[PDB]
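> 3D model of this:
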Amino acid sequence: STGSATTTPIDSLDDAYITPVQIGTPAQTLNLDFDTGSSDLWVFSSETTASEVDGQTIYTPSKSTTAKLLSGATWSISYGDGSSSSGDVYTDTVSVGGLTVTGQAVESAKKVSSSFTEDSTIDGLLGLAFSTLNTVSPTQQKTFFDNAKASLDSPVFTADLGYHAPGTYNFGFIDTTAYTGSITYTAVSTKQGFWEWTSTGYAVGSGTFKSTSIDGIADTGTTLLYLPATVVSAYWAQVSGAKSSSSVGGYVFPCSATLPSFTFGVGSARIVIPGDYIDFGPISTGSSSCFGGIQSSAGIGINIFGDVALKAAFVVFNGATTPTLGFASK
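Numbers count the residues shown, from 1 in each chain. Shown next is the structure:
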């Protein structure tokens, strides 16, 4: 089997991407944030505290003939940005782009934090990191990808995120028309439960490439690119007027600037992030100070190749017995 679904930016800044997912029988379609940095599939639901729902589409398990309460199971998750959610668990049929998993754990939110409530476009998350990070207790549950694996033609999924445009998540096959040149594969450590890999270095604009190992994670659920302070300083030093602002919470730059590109290494290959991808617009409505798309990972404790980086590439998440990551230009 295979699946193919279009993923769409939630806003004009590509702050996140939503992908339609069918849950239950008859289908209830919710728009989920596919997140390679976590491992819970959770949804706004008929059980979610009413004051915490603001425009989202909810899953109602009582209207699904295939829903079953997973008795005694609860879940609770906290993300790197300080957001959180928790609830109980059903199993139900879940389909993504034509690919169906029966008996998928669907984590029903009883509580969500304010940032989820305030985002009317995101009806939940579909985690695609390794199942060892799944938060269901007392019986840990598998991700959609882990459950689908045995049925998939090939044990892979691919992320092809658009810049200010729709893109695609594919399951079970590699679309050879979706990228240019070759795919370069690189080793993954699953020790922390992430798609963790090591970049071979970076360049700023037309500058010389610096060979240096940068460990980090491929995370579709993180908007920006978070890298060591040395790297980030080297980047923003090339933008007149750029500075790190503690009041704003990162690097800002004059909205009048044209940003340089940023290149990252994948083995001997190179992925170029165009300057425009790094512009996240005014810090507040009407401001001439713009928020940078490359930020320091200092104090996060991990480097994160988020959407800013991933959208510049066609990315293969290879879930074979020894997992790997592939990157191609496109």
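
> Is residue 20 part of a helix or strand, or is it coil?
Three-state call for residue 20 (DSSP: H, G, I helix; E, B strand; the rest coil): strand.

> Could you list which residues are in contact with it?
Residues near residue 20 by Cβ atoms under 8 Å, 6 or more residues apart in numbering: 5, 6, 29, 30, 31, 32. Quick note: C-beta positions are derived from backbone N, CA and C, even for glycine.

> just checking, the first one touches residue 169?
So the one you mean is residue 5. Yes. Assessed by Cβ atoms under 8 Å, residue 5 is found in contact with residue 169 at 5.3 Å.

> any chance of the contacts of residue 20 in JSON lines, plus distance to residue 313?
Listed next are those as JSON lines, based on distance: Cβ to Cβ, whole Å:
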{"residue": "5", "distance to residue 313": "19"}
{"residue": "6", "distance to residue 313": "18"}
{"residue": "29", "distance to residue 313": "28"}
{"residue": "30", "distance to residue 313": "27"}
{"residue": "31", "distance to residue 313": "24"}
{"residue": "32", "distance to residue 313": "22"}
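
> Apart from its neighbours in sequence, what residue is nearest residue 222?
Residue nearest to residue 222 in three dimensions, not counting chain neighbours: residue 306, with 3.3 Å by Cβ to Cβ, 6 or more residues apart in numbering.

> ok, back up a step: now do the shared contacts for residue 5 and residue 169.
By Cβ under 8 Å, 6+ apart, residue 5 and residue 169 have these common neighbours: 19, 96, 97.

> and of those, the nearest to residue 113?
Proximity of the shared contacts of residue 5 and residue 169 to residue 113 (Cβ to Cβ) peaks at residue 19, which lies at 21.9 Å.

> how much space between the nearest residue to the closest one once chain neighbours are set aside and residue 22?
Once flanking residues are discounted, residue 19 sits nearest to residue 7: 4.4 Å by Cβ to Cβ, 6+ apart. Distance, residue 7 to residue 22, using Cβ to Cβ, to the nearest Å: 15 Å.

> More neighbours: those two, which one.
The neighbour comparison of residue 7 against residue 22 (other Cβ atoms under 10 Å) goes to residue 7, with 23 against 18.

> So the more buried one: helix, strand or coil?
Under three-state DSSP, residue 7 comes out as strand.

> Next one: it from residue 31, what distance?
Residue 7 sits 10 Å away from residue 31, going by Cβ to Cβ.

> where do the contact lists of these two overlap?
Common neighbours of residue 7 and residue 31 (Cβ under 8 Å, 6+ apart) are 18, 19.

> just to revisit the earlier point, of the contacts of residue 20, grab the buried ones for ChimeraX.
Buried subset of the contacts of residue 20, written as a ChimeraX selection, criterion 16 or more other Cβ atoms under 10 Å:
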select :5,30,31,32
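
> out of the contacts of residue 20, who's nearest residue 283?
Nearest to residue 283 out of these is residue 31 (Cβ to Cβ; 27.1 Å).

> Which element, helix or strand, includes the closest one?
strand 28-35 (DSSP states H and E).

> can you list contacts of the helix or strand following that strand?
Remark: after strand 28-35, the chain's next helix or strand is strand 41-43, criterion DSSP H and E. Applying Cβ under 8 Å, 6+ apart, the contact partners of strand 41-43 are 23, 30, 32, 58-59, 75, 77, 85, 87, 94, 104-109, 123-127, 143-144.

> Ok, stretch 58-77 next?
Residues contacting stretch 58-77 (Cβ under 8 Å, 6+ apart): 23-26, 28, 30, 38, 40, 42-46, 48, 84-93, 102, 105-108, 123-124, 135-139, 141.

> Go through it and flag the buried ones.
Buried residues in stretch 58-77, counted by 16+ other Cβ under 10 Å: 58, 59, 61, 64, 66, 67, 70, 73, 75, 77.

> Give me the subset of the contacts of stretch 58-77 that lies in strands.
Applying DSSP state E to the contacts of stretch 58-77, the entries found in strands are 23, 28, 30, 42-43, 84-93, 102, 105-108, 124.

> Name only those of the residues you listed that count as buried.
Among these, those scoring as buried are 23, 28, 30, 42-43, 85-93, 105-108, 124 (criterion: 16+ other Cβ under 10 Å).

> what's the following helix or strand after the longest helix seen in the chain?
Longest helix in the chain, counting residues (DSSP state H): helix 229-236. Per DSSP H and E, the first helix or strand lying C-terminal to helix 229-236 is strand 243-245.
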